[PDB]
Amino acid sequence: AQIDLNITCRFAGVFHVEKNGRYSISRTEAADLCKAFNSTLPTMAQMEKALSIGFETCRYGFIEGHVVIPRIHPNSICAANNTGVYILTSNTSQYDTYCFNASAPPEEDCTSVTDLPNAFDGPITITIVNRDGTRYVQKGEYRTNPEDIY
């Protein structure tokens, strides 16, 4: 079993995590992922700060209490051309996640991430994929909710 975690640079601590190239993360799994990155689901304030200094994606993802997509440049395929932190109002399915790392520096940090640092023992092949495509592989687990496992 494989899990690829594709991550962005951090913007004021905030980063995006996509699992296996598809919307595949539940709210409980999102919280477990952020914890495994020594991170937390972002607050709205944290997400607004990240947007303000250049953070955008074309993907919906969890933050604490909401599902959002941060948009800076209007694109017709990303939140119907809206800009700002766009809040999803039919927020029922699986998404990606955002995470906030309190250790990160104030602006943009693209420093290569070489493992999932706070995973635990398990048999899953877990790969961190950075922005440049570099891949780092370990064996472990991070999910704590049985309903995410089966």
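Residues carry their position along the shown sequence, with the first being 1.
Chemist: Got a sec? Mean C-alpha B-factor, which is higher, 83-91 or 36-44?
Modeler: Averaged over C-alpha atoms, the B-factors run higher in 83-91.
Chemist: Averaging CA B factors per stretch from the PDB record, which one is higher: 105-113 or 56-64?
Modeler: According to the entry, 105-113 carries the higher average C-alpha B-factor.
Chemist: Please work out which residue in 31, 69, 124, 50 has the highest C-alpha B-factor recorded for this crystal structure.
Modeler: Among 31, 69, 124, 50, the PDB entry lists the largest C-alpha B-factor for 124.
Chemist: Taking the values exactly as deposited, rank residue 131 by C-alpha B-factor within its chain and report the matching third: lowest, middle or highest.
Modeler: As the PDB entry reports it, the C-alpha B-factor of residue 131 lands in the highest third of its chain.
Chemist: Consider only the C-alpha atoms of the modelled residues in this chain, order them by B-factor as the entry records it, and name the third containing residue 5: lowest, middle or highest.
Modeler: Within its chain, residue 5 is a lowest-third residue by C-alpha B-factor, going by the deposited values.
Chemist: Relative to the other modelled residues of the same chain, rank the CA B-factor of residue 139 and answer lowest, middle or highest third.
Modeler: Ranked within chain, residue 139 CA B lands in the middle tercile.
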